[PDB]
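data24.pdb follows; it contains PDB, C-alpha atoms and all ligand atoms.
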ATOM      1  CA  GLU Q  20     -59.572 -31.929  42.729  1.00  0.00           C
ATOM      2  CA  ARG Q  21     -60.897 -30.742  39.379  1.00  0.00           C
ATOM      3  CA  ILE Q  22     -59.291 -31.828  36.118  1.00  0.00           C
ATOM      4  CA  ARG Q  23     -58.814 -28.177  35.154  1.00  0.00           C
ATOM      5  CA  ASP Q  24     -56.772 -27.544  38.311  1.00  0.00           C
ATOM      6  CA  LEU Q  25     -54.155 -30.201  37.479  1.00  0.00           C
ATOM      7  CA  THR Q  26     -54.336 -30.615  33.686  1.00  0.00           C
ATOM      8  CA  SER Q  27     -53.993 -28.444  30.586  1.00  0.00           C
ATOM      9  CA  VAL Q  28     -55.389 -29.000  27.101  1.00  0.00           C
ATOM     10  CA  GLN Q  29     -53.082 -29.612  24.151  1.00  0.00           C
ATOM     11  CA  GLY Q  30     -54.442 -26.804  21.979  1.00  0.00           C
ATOM     12  CA  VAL Q  31     -54.761 -24.218  24.757  1.00  0.00           C
ATOM     13  CA  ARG Q  32     -51.451 -22.399  25.155  1.00  0.00           C
ATOM     14  CA  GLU Q  33     -50.130 -18.936  25.994  1.00  0.00           C
ATOM     15  CA  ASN Q  34     -47.468 -16.979  24.129  1.00  0.00           C
ATOM     16  CA  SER Q  35     -45.067 -14.204  25.114  1.00  0.00           C
ATOM     17  CA  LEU Q  36     -45.070 -10.801  23.406  1.00  0.00           C
ATOM     18  CA  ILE Q  37     -42.384  -8.145  23.838  1.00  0.00           C
ATOM     19  CA  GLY Q  38     -42.092  -4.594  22.580  1.00  0.00           C
ATOM     20  CA  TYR Q  39     -40.317  -1.282  23.015  1.00  0.00           C
ATOM     21  CA  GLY Q  40     -42.080   1.932  23.946  1.00  0.00           C
ATOM     22  CA  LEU Q  41     -41.865   5.317  25.614  1.00  0.00           C
ATOM     23  CA  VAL Q  42     -43.533   6.646  28.764  1.00  0.00           C
ATOM     24  CA  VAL Q  43     -44.407  10.340  28.981  1.00  0.00           C
ATOM     25  CA  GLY Q  44     -45.150  12.532  31.977  1.00  0.00           C
ATOM     26  CA  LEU Q  45     -43.470  11.195  35.138  1.00  0.00           C
ATOM     27  CA  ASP Q  46     -42.942  14.662  36.724  1.00  0.00           C
ATOM     28  CA  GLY Q  47     -39.277  14.354  35.954  1.00  0.00           C
ATOM     29  CA  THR Q  48     -37.635  11.135  37.136  1.00  0.00           C
ATOM     30  CA  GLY Q  49     -37.305  10.073  33.493  1.00  0.00           C
ATOM     31  CA  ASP Q  50     -34.304   8.693  31.673  1.00  0.00           C
ATOM     32  CA  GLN Q  51     -31.099  10.720  31.512  1.00  0.00           C
ATOM     33  CA  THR Q  52     -30.939  11.211  27.753  1.00  0.00           C
ATOM     34  CA  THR Q  53     -27.182  11.836  27.911  1.00  0.00           C
ATOM     35  CA  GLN Q  54     -26.606   8.275  29.157  1.00  0.00           C
ATOM     36  CA  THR Q  55     -29.596   6.787  27.266  1.00  0.00           C
ATOM     37  CA  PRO Q  56     -29.078   7.613  23.575  1.00  0.00           C
ATOM     38  CA  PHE Q  57     -31.823   5.257  22.381  1.00  0.00           C
ATOM     39  CA  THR Q  58     -34.491   7.275  24.213  1.00  0.00           C
ATOM     40  CA  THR Q  59     -33.727  10.469  22.291  1.00  0.00           C
ATOM     41  CA  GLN Q  60     -33.355   8.579  19.008  1.00  0.00           C
ATOM     42  CA  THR Q  61     -36.734   6.876  19.432  1.00  0.00           C
TER      43      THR Q  61
ATOM     44  CA  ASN I  59     -51.891   4.686   1.962  1.00  0.00           C
ATOM     45  CA  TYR I  60     -53.620   2.663   4.685  1.00  0.00           C
ATOM     46  CA  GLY I  61     -50.525   0.742   5.763  1.00  0.00           C
ATOM     47  CA  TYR I  62     -49.358   0.469   9.349  1.00  0.00           C
ATOM     48  CA  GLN I  63     -46.286   2.478  10.322  1.00  0.00           C
ATOM     49  CA  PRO I  64     -44.325   2.096  13.577  1.00  0.00           C
ATOM     50  CA  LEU I  65     -43.507   5.184  15.610  1.00  0.00           C
ATOM     51  CA  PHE I  66     -40.260   4.351  17.432  1.00  0.00           C
ATOM     52  CA  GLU I  67     -38.488   2.298  14.752  1.00  0.00           C
ATOM     53  CA  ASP I  68     -35.645   3.662  12.621  1.00  0.00           C
ATOM     54  CA  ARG I  69     -37.784   4.035   9.455  1.00  0.00           C
ATOM     55  CA  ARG I  70     -35.768   1.470   7.528  1.00  0.00           C
ATOM     56  CA  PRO I  71     -36.893   0.689   3.970  1.00  0.00           C
ATOM     57  CA  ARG I  72     -39.449  -2.116   3.973  1.00  0.00           C
ATOM     58  CA  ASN I  73     -41.258  -2.246   0.603  1.00  0.00           C
ATOM     59  CA  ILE I  74     -40.413  -2.091  -3.099  1.00  0.00           C
ATOM     60  CA  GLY I  75     -40.647   1.678  -3.389  1.00  0.00           C
ATOM     61  CA  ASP I  76     -38.675   2.502  -0.245  1.00  0.00           C
ATOM     62  CA  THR I  77     -35.468   4.497  -0.672  1.00  0.00           C
ATOM     63  CA  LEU I  78     -32.159   3.980   1.123  1.00  0.00           C
ATOM     64  CA  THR I  79     -28.966   6.028   1.346  1.00  0.00           C
ATOM     65  CA  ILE I  80     -25.648   4.346   0.525  1.00  0.00           C
ATOM     66  CA  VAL I  81     -22.269   5.758   1.560  1.00  0.00           C
ATOM     67  CA  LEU I  82     -19.703   4.125  -0.712  1.00  0.00           C
ATOM     68  CA  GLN I  83     -16.524   4.673   1.350  1.00  0.00           C
ATOM     69  CA  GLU I  84     -14.888   1.840  -0.578  1.00  0.00           C
ATOM     70  CA  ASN I  85     -11.148   1.315  -0.158  1.00  0.00           C
ATOM     71  CA  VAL I  86      -9.277  -1.784  -1.349  1.00  0.00           C
ATOM     72  CA  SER I  87      -5.512  -2.238  -1.572  1.00  0.00           C
ATOM     73  CA  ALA I  88      -3.555  -5.397  -2.393  1.00  0.00           C
ATOM     74  CA  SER I  89       0.183  -5.849  -2.890  1.00  0.00           C
ATOM     75  CA  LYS I  90       2.425  -8.760  -3.837  1.00  0.00           C
ATOM     76  CA  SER I  91       6.207  -9.081  -4.060  1.00  0.00           C
ATOM     77  CA  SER I  92       8.737 -11.844  -4.630  1.00  0.00           C
ATOM     78  CA  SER I  93      12.469 -12.110  -5.216  1.00  0.00           C
ATOM     79  CA  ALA I  94      15.137 -14.765  -5.644  1.00  0.00           C
ATOM     80  CA  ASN I  95      18.886 -14.805  -6.165  1.00  0.00           C
ATOM     81  CA  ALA I  96      21.729 -17.289  -6.497  1.00  0.00           C
ATOM     82  CA  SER I  97      25.433 -16.478  -6.823  1.00  0.00           C
ATOM     83  CA  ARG I  98      28.335 -18.913  -7.138  1.00  0.00           C
ATOM     84  CA  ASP I  99      31.951 -17.840  -7.584  1.00  0.00           C
ATOM     85  CA  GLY I 100      35.091 -19.950  -7.668  1.00  0.00           C
ATOM     86  CA  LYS I 101      38.665 -19.275  -8.668  1.00  0.00           C
ATOM     87  CA  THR I 102      41.624 -21.624  -8.236  1.00  0.00           C
ATOM     88  CA  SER I 103      45.334 -21.172  -8.906  1.00  0.00           C
ATOM     89  CA  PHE I 104      48.601 -23.086  -8.586  1.00  0.00           C
ATOM     90  CA  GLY I 105      52.121 -22.318  -9.785  1.00  0.00           C
ATOM     91  CA  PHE I 106      55.747 -23.070  -8.932  1.00  0.00           C
ATOM     92  CA  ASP I 107      57.799 -20.293 -10.551  1.00  0.00           C
ATOM     93  CA  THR I 108      60.739 -22.351  -9.258  1.00  0.00           C
ATOM     94  CA  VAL I 109      61.060 -26.141  -9.462  1.00  0.00           C
ATOM     95  CA  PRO I 110      63.633 -28.287  -7.631  1.00  0.00           C
ATOM     96  CA  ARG I 111      65.998 -30.317  -9.770  1.00  0.00           C
ATOM     97  CA  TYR I 112      64.563 -33.527  -8.309  1.00  0.00           C
ATOM     98  CA  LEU I 113      60.975 -32.384  -8.986  1.00  0.00           C
ATOM     99  CA  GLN I 114      61.587 -31.092 -12.525  1.00  0.00           C
ATOM    100  CA  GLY I 115      60.190 -34.365 -13.863  1.00  0.00           C
ATOM    101  CA  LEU I 116      56.636 -33.698 -12.681  1.00  0.00           C
TER     102      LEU I 116
HETATM  103  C1  LIG Q 201      39.823 -39.401  -4.397  1.00  0.00           C
HETATM  104  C2  LIG Q 201      41.168 -40.110  -4.377  1.00  0.00           C
HETATM  105  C3  LIG Q 201      41.135 -41.303  -5.315  1.00  0.00           C
HETATM  106  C4  LIG Q 201      42.545 -41.724  -5.652  1.00  0.00           C
HETATM  107  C5  LIG Q 201      43.056 -40.964  -6.862  1.00  0.00           C
HETATM  108  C6  LIG Q 201      44.364 -41.594  -7.330  1.00  0.00           C
HETATM  109  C7  LIG Q 201      45.283 -40.539  -7.966  1.00  0.00           C
HETATM  110  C8  LIG Q 201      44.558 -39.812  -9.124  1.00  0.00           C
HETATM  111  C9  LIG Q 201      45.577 -39.356 -10.183  1.00  0.00           C
HETATM  112  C10 LIG Q 201      46.360 -38.134  -9.675  1.00  0.00           C
HETATM  113  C11 LIG Q 201      47.654 -37.955 -10.494  1.00  0.00           C
HETATM  114  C12 LIG Q 201      47.328 -37.374 -11.884  1.00  0.00           C
HETATM  115  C13 LIG Q 201      47.849 -38.279 -13.032  1.00  0.00           C
HETATM  116  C14 LIG Q 201      48.788 -37.454 -13.956  1.00  0.00           C
HETATM  117  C15 LIG Q 201      49.490 -38.385 -14.971  1.00  0.00           C
HETATM  118  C16 LIG Q 201      48.441 -39.169 -15.818  1.00  0.00           C
HETATM  119  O1  LIG Q 201      48.594 -40.324 -16.023  1.00  0.00           O
HETATM  120  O2  LIG Q 201      47.304 -38.504 -16.346  1.00  0.00           O
HETATM  121  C17 LIG Q 201      47.603 -37.642 -17.420  1.00  0.00           C
HETATM  122  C18 LIG Q 201      46.363 -36.848 -17.802  1.00  0.00           C
HETATM  123  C19 LIG Q 201      45.752 -36.235 -16.524  1.00  0.00           C
HETATM  124  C20 LIG Q 201      44.589 -37.087 -16.053  1.00  0.00           C
HETATM  125  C21 LIG Q 201      44.420 -36.943 -14.542  1.00  0.00           C
HETATM  126  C22 LIG Q 201      42.941 -36.837 -14.221  1.00  0.00           C
HETATM  127  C23 LIG Q 201      42.637 -37.470 -12.866  1.00  0.00           C
HETATM  128  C24 LIG Q 201      41.123 -37.337 -12.625  1.00  0.00           C
HETATM  129  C25 LIG Q 201      40.831 -36.978 -11.167  1.00  0.00           C
HETATM  130  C26 LIG Q 201      40.771 -38.261 -10.333  1.00  0.00           C
HETATM  131  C27 LIG Q 201      40.880 -37.885  -8.867  1.00  0.00           C
HETATM  132  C28 LIG Q 201      40.405 -39.039  -8.000  1.00  0.00           C
HETATM  133  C29 LIG Q 201      48.077 -38.459 -18.625  1.00  0.00           C
HETATM  134  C30 LIG Q 201      49.655 -38.326 -18.728  1.00  0.00           C
HETATM  135  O3  LIG Q 201      50.352 -39.229 -18.414  1.00  0.00           O
HETATM  136  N1  LIG Q 201      50.249 -37.041 -19.224  1.00  0.00           N
HETATM  137  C31 LIG Q 201      51.756 -36.891 -19.322  1.00  0.00           C
HETATM  138  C32 LIG Q 201      52.169 -36.761 -20.728  1.00  0.00           C
HETATM  139  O4  LIG Q 201      51.680 -35.567 -21.261  1.00  0.00           O
HETATM  140  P1  LIG Q 201      51.328 -35.512 -22.858  1.00  0.00           P
HETATM  141  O5  LIG Q 201      49.976 -35.945 -23.184  1.00  0.00           O
HETATM  142  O6  LIG Q 201      51.441 -34.180 -23.450  1.00  0.00           O
HETATM  143  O7  LIG Q 201      52.184 -36.351 -23.687  1.00  0.00           O
HETATM  144  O8  LIG Q 201      53.611 -36.755 -20.765  1.00  0.00           O
HETATM  145  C33 LIG Q 201      54.181 -35.625 -20.155  1.00  0.00           C
HETATM  146  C34 LIG Q 201      55.714 -35.811 -20.136  1.00  0.00           C
HETATM  147  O9  LIG Q 201      56.048 -36.901 -19.294  1.00  0.00           O
HETATM  148  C35 LIG Q 201      57.017 -36.598 -18.315  1.00  0.00           C
HETATM  149  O10 LIG Q 201      58.248 -36.405 -18.950  1.00  0.00           O
HETATM  150  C36 LIG Q 201      59.300 -36.048 -18.035  1.00  0.00           C
HETATM  151  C37 LIG Q 201      60.553 -35.746 -18.799  1.00  0.00           C
HETATM  152  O11 LIG Q 201      60.333 -35.021 -19.713  1.00  0.00           O
HETATM  153  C38 LIG Q 201      59.534 -37.228 -17.083  1.00  0.00           C
HETATM  154  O12 LIG Q 201      60.512 -36.891 -16.153  1.00  0.00           O
HETATM  155  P2  LIG Q 201      62.027 -37.498 -16.324  1.00  0.00           P
HETATM  156  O13 LIG Q 201      62.632 -37.942 -15.073  1.00  0.00           O
HETATM  157  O14 LIG Q 201      62.122 -38.658 -17.203  1.00  0.00           O
HETATM  158  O15 LIG Q 201      62.992 -36.546 -16.870  1.00  0.00           O
HETATM  159  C39 LIG Q 201      58.234 -37.544 -16.345  1.00  0.00           C
HETATM  160  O16 LIG Q 201      58.414 -38.737 -15.596  1.00  0.00           O
HETATM  161  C40 LIG Q 201      58.465 -38.543 -14.167  1.00  0.00           C
HETATM  162  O17 LIG Q 201      57.642 -37.892 -13.628  1.00  0.00           O
HETATM  163  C41 LIG Q 201      59.604 -39.199 -13.330  1.00  0.00           C
HETATM  164  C42 LIG Q 201      59.005 -39.716 -11.999  1.00  0.00           C
HETATM  165  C43 LIG Q 201      58.980 -38.595 -10.952  1.00  0.00           C
HETATM  166  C44 LIG Q 201      59.385 -39.153  -9.570  1.00  0.00           C
HETATM  167  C45 LIG Q 201      59.539 -37.989  -8.565  1.00  0.00           C
HETATM  168  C46 LIG Q 201      58.863 -38.356  -7.220  1.00  0.00           C
HETATM  169  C47 LIG Q 201      57.357 -38.025  -7.267  1.00  0.00           C
HETATM  170  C48 LIG Q 201      56.628 -38.789  -6.140  1.00  0.00           C
HETATM  171  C49 LIG Q 201      55.217 -38.194  -5.944  1.00  0.00           C
HETATM  172  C50 LIG Q 201      54.476 -38.977  -4.859  1.00  0.00           C
HETATM  173  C51 LIG Q 201      52.976 -38.678  -4.947  1.00  0.00           C
HETATM  174  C52 LIG Q 201      52.367 -38.682  -3.537  1.00  0.00           C
HETATM  175  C53 LIG Q 201      50.865 -38.945  -3.628  1.00  0.00           C
HETATM  176  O18 LIG Q 201      57.724 -40.160 -12.265  1.00  0.00           O
HETATM  177  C54 LIG Q 201      57.035 -40.723 -11.176  1.00  0.00           C
HETATM  178  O19 LIG Q 201      57.422 -41.729 -10.679  1.00  0.00           O
HETATM  179  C55 LIG Q 201      55.779 -40.031 -10.643  1.00  0.00           C
HETATM  180  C56 LIG Q 201      55.546 -40.416  -9.189  1.00  0.00           C
HETATM  181  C57 LIG Q 201      54.646 -41.639  -9.089  1.00  0.00           C
HETATM  182  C58 LIG Q 201      53.963 -41.628  -7.734  1.00  0.00           C
HETATM  183  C59 LIG Q 201      53.094 -42.870  -7.586  1.00  0.00           C
HETATM  184  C60 LIG Q 201      52.192 -42.720  -6.374  1.00  0.00           C
HETATM  185  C61 LIG Q 201      52.595 -43.733  -5.306  1.00  0.00           C
HETATM  186  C62 LIG Q 201      51.647 -43.621  -4.117  1.00  0.00           C
HETATM  187  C63 LIG Q 201      52.255 -42.712  -3.056  1.00  0.00           C
HETATM  188  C64 LIG Q 201      51.251 -42.511  -1.926  1.00  0.00           C
HETATM  189  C65 LIG Q 201      51.803 -41.503  -0.908  1.00  0.00           C
HETATM  190  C66 LIG Q 201      51.283 -41.862   0.488  1.00  0.00           C
HETATM  191  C67 LIG Q 201      51.558 -40.707   1.462  1.00  0.00           C
HETATM  192  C68 LIG Q 201      57.097 -37.739 -17.308  1.00  0.00           C
HETATM  193  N2  LIG Q 201      55.820 -37.769 -16.534  1.00  0.00           N
HETATM  194  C69 LIG Q 201      54.706 -38.692 -16.947  1.00  0.00           C
HETATM  195  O20 LIG Q 201      54.846 -39.392 -17.891  1.00  0.00           O
HETATM  196  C70 LIG Q 201      53.364 -38.719 -16.145  1.00  0.00           C
HETATM  197  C71 LIG Q 201      53.369 -39.758 -14.991  1.00  0.00           C
HETATM  198  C72 LIG Q 201      54.210 -40.997 -15.333  1.00  0.00           C
HETATM  199  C73 LIG Q 201      53.561 -42.248 -14.670  1.00  0.00           C
HETATM  200  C74 LIG Q 201      54.653 -43.314 -14.371  1.00  0.00           C
HETATM  201  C75 LIG Q 201      55.087 -43.230 -12.883  1.00  0.00           C
HETATM  202  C76 LIG Q 201      54.386 -44.325 -12.056  1.00  0.00           C
HETATM  203  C77 LIG Q 201      52.867 -44.035 -11.939  1.00  0.00           C
HETATM  204  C78 LIG Q 201      52.235 -45.085 -11.022  1.00  0.00           C
HETATM  205  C79 LIG Q 201      50.837 -45.273 -10.428  1.00  0.00           C
HETATM  206  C80 LIG Q 201      50.046 -43.976 -10.455  1.00  0.00           C
HETATM  207  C81 LIG Q 201      48.568 -44.306 -10.417  1.00  0.00           C
HETATM  208  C82 LIG Q 201      47.771 -43.087  -9.969  1.00  0.00           C
HETATM  209  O21 LIG Q 201      53.872 -39.156 -13.840  1.00  0.00           O
HETATM  210  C83 LIG Q 201      52.864 -38.735 -12.908  1.00  0.00           C
HETATM  211  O22 LIG Q 201      52.639 -37.582 -12.764  1.00  0.00           O
HETATM  212  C84 LIG Q 201      52.066 -39.791 -12.081  1.00  0.00           C
HETATM  213  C85 LIG Q 201      51.577 -39.170 -10.736  1.00  0.00           C
HETATM  214  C86 LIG Q 201      50.864 -40.281  -9.898  1.00  0.00           C
HETATM  215  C87 LIG Q 201      50.416 -39.735  -8.528  1.00  0.00           C
HETATM  216  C88 LIG Q 201      49.288 -40.636  -8.002  1.00  0.00           C
HETATM  217  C89 LIG Q 201      49.180 -40.562  -6.482  1.00  0.00           C
HETATM  218  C90 LIG Q 201      48.366 -41.747  -6.006  1.00  0.00           C
HETATM  219  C91 LIG Q 201      47.917 -41.545  -4.571  1.00  0.00           C
HETATM  220  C92 LIG Q 201      47.126 -42.768  -4.133  1.00  0.00           C
HETATM  221  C93 LIG Q 201      45.790 -42.354  -3.546  1.00  0.00           C
HETATM  222  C94 LIG Q 201      44.863 -43.565  -3.500  1.00  0.00           C
HETATM  223  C95 LIG Q 201      53.691 -35.437 -18.708  1.00  0.00           C
HETATM  224  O23 LIG Q 201      53.979 -34.138 -18.313  1.00  0.00           O
HETATM  225  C96 LIG Q 201      52.169 -35.665 -18.569  1.00  0.00           C
HETATM  226  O24 LIG Q 201      51.853 -35.858 -17.222  1.00  0.00           O
HETATM  227  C97 LIG Q 201      51.656 -34.691 -16.466  1.00  0.00           C
HETATM  228  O25 LIG Q 201      51.831 -33.625 -16.945  1.00  0.00           O
HETATM  229  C98 LIG Q 201      51.218 -34.809 -15.016  1.00  0.00           C
HETATM  230  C99 LIG Q 201      51.990 -33.805 -14.165  1.00  0.00           C
HETATM  231  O26 LIG Q 201      53.354 -33.878 -14.485  1.00  0.00           O
HETATM  232 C100 LIG Q 201      51.799 -34.126 -12.687  1.00  0.00           C
HETATM  233 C101 LIG Q 201      50.655 -33.295 -12.126  1.00  0.00           C
HETATM  234 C102 LIG Q 201      50.176 -33.922 -10.811  1.00  0.00           C
HETATM  235 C103 LIG Q 201      49.229 -32.947 -10.080  1.00  0.00           C
HETATM  236 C104 LIG Q 201      48.201 -33.744  -9.274  1.00  0.00           C
HETATM  237 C105 LIG Q 201      46.974 -34.038 -10.141  1.00  0.00           C
HETATM  238 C106 LIG Q 201      45.875 -33.033  -9.806  1.00  0.00           C
HETATM  239 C107 LIG Q 201      44.691 -33.228 -10.743  1.00  0.00           C
HETATM  240 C108 LIG Q 201      43.406 -32.780 -10.037  1.00  0.00           C
HETATM  241 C109 LIG Q 201      42.367 -32.330 -11.052  1.00  0.00           C
HETATM  242 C110 LIG Q 201      41.589 -33.538 -11.557  1.00  0.00           C
END

As C-alpha cells, please, write out the structure in this file.
Amino acid sequence: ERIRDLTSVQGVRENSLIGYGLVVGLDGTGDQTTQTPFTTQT
Amino acid sequence: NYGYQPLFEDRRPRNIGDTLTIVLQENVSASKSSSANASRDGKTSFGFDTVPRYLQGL
C-alpha cells in the first residue's frame, strides 16, 4: 500500500464553497414563483 | 468603475458612497403613576344626664 493511499499531508486540504444561483430553461418544470418568493426577488 | 457586482443579491449599500433608505416609523410612549392615602378618624363620647344618689360622688 502506497503512503498516498493511507496518509494525507498537513498543508494539503480541501474547503467547501456554497452559493445561490438561478437556472434558466428547463422546458417548464421550474419553481412555482407563487410559493417561492425568493426566486422572483432574485 | 471596475468593481465586482453580484447579480442576485439585494443591492445593499456596501461602500462609503452607497445610499440607503430609512423609514423612521418611530413611536415611543411611557407613562408613570403613583398614589397614596391615609385616613384616621376617631370620636368618643360619654355622659350620664342622670346620676344616682349613691353615684353622685364620682
Ligand atoms: C390598664 C389597667 C391598669 C390599671 C389602672 C388602674 C386605674 C387607673 C385610674 C382610673 C381611675 C381614674 C382616677 C380618677 C381620680 C384621680 O385620682 O385622678 C384625677 C386626675 C385624673 C387622672 C387619671 C388618669 C389615669 C391615666 C390612665 C391610666 C390607665 C391605666 C386626680 C383627682 O383626684 N381629681 C379629683 C379632684 O378634682 P380637682 O382637681 O378639680 O380638684 O377632686 C374632685 C372632687 O372630689 C370628689 O368630691 C366629691 C364631693 O364633692 C366626693 O364625693 P362625696 O361622697 O364626698 O360627696 C368624691 O369622693 C368620692 O368619690 C366618694 C367615693 C365614691 C364611692 C362610690 C363607689 C365607687 C366604686 C367604684 C369601683 C370601681 C371599679 C373598678 O370615692 C371612692 O371611694 C371612689 C371609689 C374607689 C374605688 C377603688 C377601686 C377598688 C378596686 C375595685 C376593683 C373592682 C374589681 C371588679 C371626690 N372624688 C375624688 O376625690 C377622686 C377619687 C378619690 C380617691 C379616694 C378613694 C379611694 C381611691 C383608692 C385607690 C385607687 C387607685 C386607682 O375618687 C375616684 O374617682 C377614684 C377612682 C378609682 C378607680 C380605680 C379602679 C382601679 C381598678 C384596678 C385595676 C388594676 C374629683 O371630681 C376629681 O376626681 C374626678 O373627677 C374623677 C371622677 O370623679 C371619676 C372618673 C372615673 C372614670 C374612669 C377613668 C377613665 C379615664 C380614662 C382616660 C385616661

Contacts of segment 91-106 of chain I within 12 Å, only C-alpha atoms, excl. fewer than 6 positions in-chain, as a PyMOL selection string: chain I and resi 113-114+116

Residues selected by the PyMOL selection byres ((chain Q and not hetatm) within 8 of (chain I)), written as a ChimeraX atom specification: /Q:39-40,61

Taking every listed atom of ligand LIG 201 (chain Q) and adding 5 Å to each side, what centre and edge lengths in Å (one decimal) does the axis-aligned box have, as AutoDock Vina command-line options?
--center_x 51.4 --center_y -38.8 --center_z -11.1 --size_x 33.2 --size_y 22.9 --size_z 35.1

Interatomic distance, atom CA of residue 50 of chain Q to atom CA of residue 71 of chain I (Å, one decimal): 29.0 Å

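For the pair atom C73 of ligand LIG 201 (chain Q) and atom CA of residue 112 of chain I, the separation is 15.4 Å.
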
Coordinates-based distance that separates atom CA of residue 108 of chain I from atom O2 of ligand LIG 201 (chain Q) (Å, one decimal):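 One can read the atom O2 of ligand LIG 201 (chain Q) to atom CA of residue 108 of chain I distance as 22.2 Å.
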